[PDB]
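J.: this one's structure only:
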DNA sequence: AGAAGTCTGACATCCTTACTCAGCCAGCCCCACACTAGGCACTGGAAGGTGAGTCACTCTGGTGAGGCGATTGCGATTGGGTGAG
């Protein structure tokens, strides 16, 4: 698994059971493959006011991307 | 004492009624178009509302690719049997 990952054949799940620590420290070398109706009726403006009400940050409110 | 501006007083004409019978107009009555100006109606234009179509986004379905994974095939190793010394 590790030598195949070094050639770029495949990837390795770095968290797994092959982990020699048994905790989150250390890697595991085993192969993984490399491979609304009423919401549309919010009619942008009221959805903007709803995002203001929930506490969504002003950047997302500002974008104005319906 | 001489002129002046009225002033009662003593006449002088053409109103009346009036025929009459002329020939021609002026002044009213009773309307004829006739006519002007604006009320009513019609037409046109503008505005507003509704309906339809299009655009964008999201969801669902279909197709493709992968995917891992089992199954099959091949190769290698081990064991057993037979033959030879």
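T.: Ah, there it is. Numbering: from 1, shown residues only, chains lettered A, B, ... in the order given.
J.: the longest helix in chain A is where?
T.: In chain A, taking DSSP state H as the definition, the longest helix is helix A:45-54.
J.: mind checking what helix or strand follows that one in sequence?
T.: Counting by DSSP states H and E, the element after helix A:45-54 in chain order, helix or strand, is helix A:58-63.
J.: that next one packs against which elements?
T.: Here helix A:58-63 touches helix A:45-54, going by 3 or more Cβ pairs under 8 Å, 6 or more residues apart in numbering; DSSP states H and E. C-beta here means a position set from N, CA and C on the backbone, and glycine is covered the same way.
J.: enumerate the residues of chain A near DNA strand B.
T.: Residues of chain A found near DNA strand B (Cβ under 7 Å from any atom of the strand) are A:32, A:33, A:35, A:36, A:39, A:40, A:66.
J.: which one of those residues has the most neighbours?
T.: Within these, most neighbours by other Cβ atoms under 10 Å means residue A:32, with 13 neighbours.
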